[PDB]
Amino acid sequence: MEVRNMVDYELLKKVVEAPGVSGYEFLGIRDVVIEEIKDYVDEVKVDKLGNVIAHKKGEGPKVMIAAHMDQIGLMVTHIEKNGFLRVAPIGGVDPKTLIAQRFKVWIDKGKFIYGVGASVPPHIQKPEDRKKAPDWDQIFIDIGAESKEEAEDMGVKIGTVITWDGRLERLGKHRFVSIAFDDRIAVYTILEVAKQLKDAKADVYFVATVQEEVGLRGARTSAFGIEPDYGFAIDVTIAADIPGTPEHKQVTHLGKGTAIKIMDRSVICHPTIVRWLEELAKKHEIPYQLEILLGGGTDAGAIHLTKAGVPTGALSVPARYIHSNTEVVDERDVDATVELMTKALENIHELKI
Amino acid sequence: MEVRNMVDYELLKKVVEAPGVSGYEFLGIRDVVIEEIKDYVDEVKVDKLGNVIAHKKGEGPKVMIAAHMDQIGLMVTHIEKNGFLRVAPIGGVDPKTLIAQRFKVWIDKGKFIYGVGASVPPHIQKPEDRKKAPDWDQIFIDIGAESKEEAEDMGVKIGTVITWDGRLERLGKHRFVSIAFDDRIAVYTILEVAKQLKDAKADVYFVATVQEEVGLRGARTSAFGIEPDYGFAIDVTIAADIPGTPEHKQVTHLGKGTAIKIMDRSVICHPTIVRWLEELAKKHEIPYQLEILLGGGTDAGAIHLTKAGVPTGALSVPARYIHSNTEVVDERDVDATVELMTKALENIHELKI
Amino acid sequence: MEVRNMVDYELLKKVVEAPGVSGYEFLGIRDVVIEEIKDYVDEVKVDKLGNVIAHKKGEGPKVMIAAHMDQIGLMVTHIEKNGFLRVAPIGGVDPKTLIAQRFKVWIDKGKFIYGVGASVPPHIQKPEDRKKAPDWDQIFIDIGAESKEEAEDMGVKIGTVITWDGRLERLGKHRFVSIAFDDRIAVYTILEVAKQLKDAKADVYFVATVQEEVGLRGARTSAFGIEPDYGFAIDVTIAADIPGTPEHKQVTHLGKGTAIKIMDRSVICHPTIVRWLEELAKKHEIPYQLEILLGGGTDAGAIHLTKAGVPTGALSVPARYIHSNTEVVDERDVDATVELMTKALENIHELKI
Ligand SMILES: [Zn+2]
Ligand SMILES: [Zn+2]
Ligand SMILES: [Zn+2]
Ligand SMILES: [Zn+2]
Ligand SMILES: [Zn+2]
Ligand SMILES: [Zn+2]
């Protein structure tokens with residue numbers, strides 16, 4: 001029911017249901033992003049590492065727009081004899097998010113079987129009966145096979161194979177969205193940006209990097225061919241407005257405006273950009289916050305290290321929950337984010353100093 | 001009272017009082033370093049990332065001299081309702097150094113208001129009344145404002161804004177200095193070097209890098225434009241001669257000579273350089289130690305990773321205390337350090353092998 | 001910038017920079033208080049114990065006005081061989097306030113050398129690496145001397161010698177002050193009172209007692225020669241409006257009005273005085289709080305024990321932080337405190353019952 005048509009409910013479905021580590025047998029997301037973007041951009045290319053490169057042409061400096069598409073997942077490492085799986089996580093995940101339903105196993109493109117991962121048996125002790133946290137060894141997964149032989153006949157093998165099985169639903173039918181955030185909300189901004197951008201006052205290069213959540217320098221490889229002389233990023237990591245907390249996290253997210261990054265673990269944004277975006281949002285009546293973290297590793301950090309020594313600002317689409325399971329967002333912020341970047345790109349020609 | 005005129009008491013004042021994260025609204029240190037160095041060097045330039053580049057010209061290999069100017073500081077993240085600030089640290093700091101006086105808030109260049117940060121209230125418990133260590137959440141800061149509105153009318157906003165408010169005083173009027181060490185003692189060597197260097201037997205490039213204490217690869221960006229075929233560094237991290245300790249830390253500092261780095265966490269210095277400097281100090285009767293750490297991240301590590309694969313040695317001006325609050329040094333070592341590098345640079349032409 | 005001329009910024013400088021244990025070689029504060037007060041009072045005397053006695057003459061009962069001038073400090077107890085000092089505290093101090101800058105050593109009057117005291121090395125253990133609280137043995141101090149011999153040649157000897165090195169700065173240029181509180185804010189009220197008092201309706205005796213923070217009965221000695229038949233006090237000890245706390249401490253200080261003491265550890269104020277001051281502040285539109293503690297030892301307790309059995313009220317100038325390091329105050333309260341006492345003294349003649 002697109003009362004406003006601000007965020008296309010159909011488009012978000014295509015990207016987010018797709019599996020979130022590319023180049024593997026799951027690589028369909030690559031096709032998806034290029035299947036959309038290419039009609040609005042002059043040319044597009046794929047690097048060796050699974051990165052995607054979209055080059056709109058123009059007159060001006062080279063701007064780099066970075067989003068990550070490496071959604072968290074899990075990896076099978078071996079097959080116990082009873083036909084039940086153990087697993088090893090990809091970096092970033094918290095194991096308390098074991099399951100409530102339906103872990104999906106992507107044997108190959110267009111072939112998925114449902115799986116569950118509920119319980120490593122807690123050890124036998126009385127203080128540990130109170131510690132219902134899972135053991136660190138890691139949790140196990142079930143696909144219902146009785147034996148190792150049956151499991152391999154399905155197609156399960158060792159490899160990075162698994163993901164979370166999200167589906168996109170609407171909460172707060174006034175406005176909010178459930179799982180639209182991690183590793184593709186930024187891309188929706190990018191795609192919406194490409195539709196909204198007509199007059200290229202600066203020659204932009206949209207990238208959608210891989211291996212962000214593990215080895216964030218995955219993004220860096222794309223950078224050198226593309227970046228020089230400016231840079232941007234759209235990644236996120238938040239602890240947002242969870243009740244029972246003090247006010248010191250509340251300003252990170254209140255359900256309002258977009259989030260500019262001044263500081264993270266990795267990156268210290270060149271502050272002229274920040275003050276400029278601050279100026280920009282006020283001129284066009286755009287909402288904005290100023291967010292900082294104590295931790296987290298973003299794409300922007302890898303951009304800062306290319307040989308030119310690039311100055312970088314970063315936007316953030318806020319309001320995540322612990323990024324495994326559900327990933328709430330705000331319809332207002334994402335469309336506002338698009339507006340902001342759209343104007344910044346065109347007005348970048350004056351920013352140069 | 002410069003009885004010896006070995007270390008100019010006036011010059012050190014200018015650099016160290018200045019605020020220690022550049023590019024921000026505090027960026028005055030940039031002007032300071034170039035305001036001095038430029039009269040003695042042929043040409044000077046500023047990179048995009050806030051790095052400073054001073055290029056003396058000559059006949060020989062390209063030598064790179066690296067010091068950091070990113071003194072530790074703190075960042076406001078939000079504003080509680082009572083007009084009191086919370087904070088988030090920049091990497092490296094220890095929070096037991098909360099305050100004894102006067103945290104300074106650099107709203108903008110030439111505008112500072114004093115602030116205090118003494119106490120997060122310890123939790124209500126009896127073993128914790130004994131644990132007077134601050135909670136890890138982080139400490140809070142006061143500027144005396146009663147409300148959020150009053151605070152923003154001053155000029156306080158979210159951002160990296162704060163520093164420590166050091167001032168330079170003389171202890172052991174025979175010889176020592178109080179806060180002259182961190183993030184500018186190396187620069188004083190550099191500046192003194194530029195005055196002492198007349199005949200450029202090798203074409204040197206003095207850099208003063210930013211974002212060392214966080215994302216040490218901040219220095220790397222300058223490297224590629226400048227470095228090739230040799231490298232040096234002047235950074236420090238020490239646990240020095242604190243009483244009640246064994247002798248295993250005492251050799252790290254005794255109040256004598258300069259410190260050559262063989263090993264750190266990050267960098268393993270190309271040992272030919274080390275043996276050469278060892279040879280050099282003996283030839284000119286210079287004092288020297290040999291220091292190693294188990295931890296710490298220096299500029300030298302980032303130098304080793306540029307594409308040529310550069311060999312690197314590193315000098316250290318010793319005798320720090322836990323780098324937040326007071327930062328004792330030895331007048332003897334710093335002048336000796338200058339002598340050593342001065343001779344090494346000119347004699348580098350024979351080092352090539 | 002005395003926009004109001006309510007609190008003289010010059011006067012506070014003289015008292016508070018001075019060293020805060022008298023009779024020692026530091027005793028200059030004694031001269032300071034008498035150098036000011038004597039022009040406005042008929043006569044002044046010094047007792048044997050370092051107490052100061054100022055006797056304005058009049059017609060009425062004998063009123064005693066007590067402030068303490070024994071600011072906290074530290075004492076050297078021995079000299080380790082490496083030229084570094086250990087210390088022993090004076091009562092009241094918390095050792096988590098080790099240093100952030102510049103501990104001052106008063107060898108003698110007008111001779112000071114700066115010192116630092118940062119770190120006792122924490123013991124070697126893993127739960128203790130988390131306990132960054134200092135060991136109770138006590139912290140150590142550095143003055144940069146290499147040996148015991150060098151230290152004594154400076155003038156350092158065993159004795160109570162050390163203080164905190166505060167300096168007075170203005171925060172909240174609308175209104176607040178940094179280190180003006182402990183052991184001399186009360187005296188500024190006293191001095192301001194003496195200027196404001198013209199017509200002595202009761203013969204008052206202003207005292208400035210020593211050895212309050214240790215052996216609070218230090219004040220008592222002055223009492224017997226002076227006190228009989230009434231008594232007052234201006235001392236403080238507070239835990240004030242620190243964020244993250246409940247409301248149960250907030251009324252102790254909110255940045256408003258002065259603080260009357262009903263109860264402490266030591267003293268239970270004769271409540272007729274309290275109700276009278278309550279009545280008084282309402283008649284002249286003066287602001288007031290009512291504050292009580294669970295702990296702390298004030299001058300008033302010692303007054304209650306003189307042979308007559310004196311009834312005593314006590315005023316408090318609020319808003320301290322943990323009294324070692326910074327000592328915030330409110331310009332409004334201190335001037336209001338002066339007004340209150342000024343009127344109470346003259347109207348004491350009706351209070352007698
Ligand atoms: Zn991570
Ligand atoms: Zn992420
Ligand atoms: Zn570090
Ligand atoms: Zn450092
Ligand atoms: Zn006490
Ligand atoms: Zn006290």
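From first to last, the protein sequence lines stand for chains A, J and L. The C-terminal residue of the first sequence carries number 353 in the authors' numbering, and the numbering is unbroken. The C-terminal residue of the second sequence carries number 353 in the authors' numbering, and the numbering is unbroken. The C-terminal residue of the third sequence carries number 353 in the authors' numbering, and the numbering is unbroken. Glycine residues also receive a C-beta, built at the ideal position from the N, C-alpha and C atoms.
- Within the stretch 227-295 of chain J, the complete alpha helix (DSSP H) segments of 4 residues or longer fall at 271-283, listed in chain order.
- Within the DSSP secondary-structure output, residue 297 of chain J pairs in no beta bridge.
- With its beta carbon less than 8 Å from one in chain L, residue 244 of chain J belongs to the interface.
- Residues of chain L with a Cβ closer than 9 Å to the Cβ of residue 93 of chain J do not exist, since the nearest Cβ in that chain sits about 12 Å away.
- When C-alpha distances from residue 88 of chain A are compared across A:201, A:169, A:159, A:298, the shortest belongs to A:159.
- The C-alpha of residue 167 of chain A is placed about 29 Å away from the C-alpha of residue 121 of chain A.
- If you draw a straight line from the Cα of residue 24 of chain J to the Cα of residue 156 of chain J, it comes to about 14 Å.
- Interface residue (Cβ-Cβ distance to chain J less than 8 Å): residue 253 of chain A is not classified as such.
- Taking 8 Å as the CB threshold, residue 335 of chain J stays off the interface with chain L.
- In the structure shown, residue 9 of chain J falls within a helical segment according to DSSP collapsed to helix, strand and coil.
- Nearest to residue 318 of chain J by alpha-carbon distance, out of J:249, J:350, J:278, is J:249.
- Interface residue (Cβ-Cβ distance to chain A less than 8 Å): residue 241 of chain J is not classified as such.
- As far as DSSP is concerned, residue 164 of chain A takes part in no beta bridge.
- In this structure, residue 298 of chain A has its CB at a distance of at least 7 Å from all heavy atoms of ligand 4.
- Residue 316 of chain J is bridged by DSSP to J:259.
- Proximity to residue 151 of chain L across L:115, L:206, L:175 peaks at L:115, based on C-alpha coordinates.
- Between residue 139 of chain J and residue 113 of chain J, the gap from beta carbon to beta carbon reaches 8 Å or more.
- Put simply, the stretch 53-67 of chain J does not touch the stretch 59-68 of chain L. Fewer than three CB pairs are less than 8 Å apart.
- The Cβ of residue 149 of chain J sits no closer than 8 Å to any Cβ of chain A.
- With contacts defined by Cβ atoms closer than 8 Å, residue 200 of chain L and residue 297 of chain L do not form a contacting pair.
- Pairwise C-beta distances place the stretch 120-137 of chain L out of contact with the stretch 279-291 of chain L, as fewer than three of them are shorter than 8 Å.
- Taking C-alpha positions only, residue 190 of chain L is separated from residue 266 of chain L by approximately 23 Å.
- Relative to ligand 6, residue 213 of chain L has its C-beta within less than 7 Å of a heavy atom.
- With contacts defined by Cβ atoms closer than 8 Å, residue 15 of chain J and residue 184 of chain J form a contacting pair.
- Setting aside the 5 residues that flank it on each side, residue 323 of chain L is surrounded in the same chain by 182, each with a C-beta closer than 6 Å to its C-beta; the list follows chain order.
- Of all residues in the stretch 127-155 of chain L, only 131, 132, 133, 140, 142, 143, 144, 145, 146 place a beta-carbon less than 7 Å from a beta-carbon of chain J.
- DSSP places residue 37 of chain A within a helical segment (H, G or I) once states are collapsed to three.
- Apart from the 5 residues on each side of it in sequence, residue 49 of chain L sits with its Cβ closer than 6 Å to the Cβ of 221 in its chain, given in chain order.
- Residue pairing by DSSP puts residue 114 of chain J in a beta bridge opposite J:104.
- Going by C-alpha positions, residue 273 of chain A is about 40 Å away from residue 335 of chain J.
- Residues of chain A whose Cβ lies closer than 8 Å to the Cβ of residue 49 of chain J are, in chain order, 270, 304, 309, 310, 311.
- Chain order gives the chain J residues near residue 322 of chain L as 118, 119, where near means a beta carbon separation below 9 Å.
- Under the Cβ criterion of 8 Å, residue 9 of chain L is not counted among the residues facing chain J.
- Residue pairing by DSSP places residue 130 of chain J opposite no residue, since no beta bridge is assigned to it.
- Under DSSP, residue 146 of chain J shares a beta bridge with no residue.
- In the structure shown, residue 140 of chain A adopts extended strand secondary structure according to DSSP, grouped into three states.
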